[PDB]
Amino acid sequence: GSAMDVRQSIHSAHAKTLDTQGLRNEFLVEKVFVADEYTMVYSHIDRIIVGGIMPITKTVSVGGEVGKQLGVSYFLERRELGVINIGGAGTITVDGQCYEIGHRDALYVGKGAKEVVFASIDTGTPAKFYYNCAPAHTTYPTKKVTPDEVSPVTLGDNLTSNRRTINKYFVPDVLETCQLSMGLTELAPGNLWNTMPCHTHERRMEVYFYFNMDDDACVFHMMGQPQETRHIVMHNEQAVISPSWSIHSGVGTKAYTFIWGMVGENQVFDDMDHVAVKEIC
């Protein structure tokens, strides 16, 4: 069926020997949005599935076929889905129930949903549905989350180039999920740093997706163990997978927006090892 980009899990000792292209081949997802298609990358790190869906002349659906590829009857038979629309207004129909998902609206689809259909309202400005999918043992209600219900928080300062607005869509304070959490953080114009100071967490893993970047800009995404850092240079609408032993911080050449997705054996966000940047240098 549809092509499935599979990434293996990786040992820190192996990762530290990878050259530039080697790092990209393992951790970088270069193509997230493809017209009238959905992309799908399967990571053996917590078995999270990441991708993008951009419906233009036709709808794009996931269900039976994808499920068979996963050894089950349908895609979400034993999985939960988190979707955030960074493009134009669209709709997501779950087993017949249509949800209007506008710019920056989001939708969490619980375990048990048989078919999910994505569509764009205007072909001129198509919806760009970014998603993260994780194994789920229990069914929680499918829920639409708007920027309102999120209650954004602006932190940082120009001097530390981290003035930004944090929007947490899928977290305990908003709704119940099995293990998936997602949020969107927008750096203010002229501000470049995200996740600083950095951190690592043995019991959870994160995937970052960068977007809303000018064609001539990029983000130097920092990864690796604190004392053995490496970087991947990324451009607009690309995602990066972070092993549990790795940090995940980035600095752009211009301001940008990014989405973070996190899974693991717990949802204790303070269960992490904070790393002061001075320790790195």
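Residue numbers here begin at 1 and follow the sequence given.
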Mean Cα B-factor comparison, 121-129 or 69-77, giving the higher one as deposited: 121-129
Stretch with the higher entry mean CA B-factor, where the candidates are 30-38 and 232-240: 30-38
Of the residues 157, 186, 206, 176, the one carrying the largest Cα B-factor as recorded: 157
Member of 147, 88, 135, 110 with the greatest C-alpha B factor (per the PDB record): 147
CA B-factor ranking of residue 272, expressed as a third of its chain: highest
Ranked C-alpha temperature factor of residue 102 among modelled chain residues, by third: middle
Modelled-residue ranking by C-alpha temperature factor, third containing residue 226: highest
Third of the chain, ranked by Cα B-factor, where residue 153 sits: highest
For residue 83, the third of its chain into which the C-alpha B factor falls: lowest
